[PDB]
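In what follows, a structure is listed as structure tokens, so that the remarks can point back to it.
Computed from the coordinates by the stated procedures, all read-outs in this text should not be read as laboratory data. All Cβ positions, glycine included, derive from the backbone under ideal geometry; neighbour counts span all protein chains shown.
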Amino acid sequence: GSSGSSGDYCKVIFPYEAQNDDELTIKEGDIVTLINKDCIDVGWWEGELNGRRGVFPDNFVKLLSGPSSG
């Protein structure tokens with residue numbers, strides 16, 4: 001089956017508005033590929049969306065365990 005996971009997919013449920021370039025703009029109903037994790041401190045994370053690279057509030061998003069149906 002599966003050997004290992006390359007990245008981490010996260011489903012966006014809460015709409016956010018990036019204030020600065022650093023911050024990424026995400027809407028409700030979109031998945032963002034987690035690029036790099038945040039420091040021991042939770043609440044921040046970096047992902048790629050629409051060919052962009054910026055930070056975002058983890059709380060706003062969530063970690064997907066795995067696709068069951070489709």
22, 41, 30, 58 arranged by Cβ crowding within 10 Å, fewest neighbours leading: 41, 22, 30, 58
Burial ordering of 55, 42, fewest other beta-carbon atoms within 10 Å first: 42, 55
Total charge dipole magnitude, the chain, about the Cα centre, Cβ charges on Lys, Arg, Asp, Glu only, Debye to nearest 20: 300 debye
Computed P(r) (all Cα pairs; the chain; 10 Å bins; percent): 20, 54, 22, 4, 0
Among beta bridges that DSSP assigns inside the chain, antiparallel share in %, nearest 5: 95 percent
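Normalised by the number of residues in the chain, what is the relative contact order in percent for Cα pairs under 8 Å and 6+ residues apart? Show your work: numbers first, answer last.
Working: 126 pairs, mean separation 22.7, N = 70.
After rounding, I find 32 percent.
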Estimated FRET transfer efficiency when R0 is 25 angstrom, pair residue 59-residue 5 (beta carbons, to 0.05): 0.65
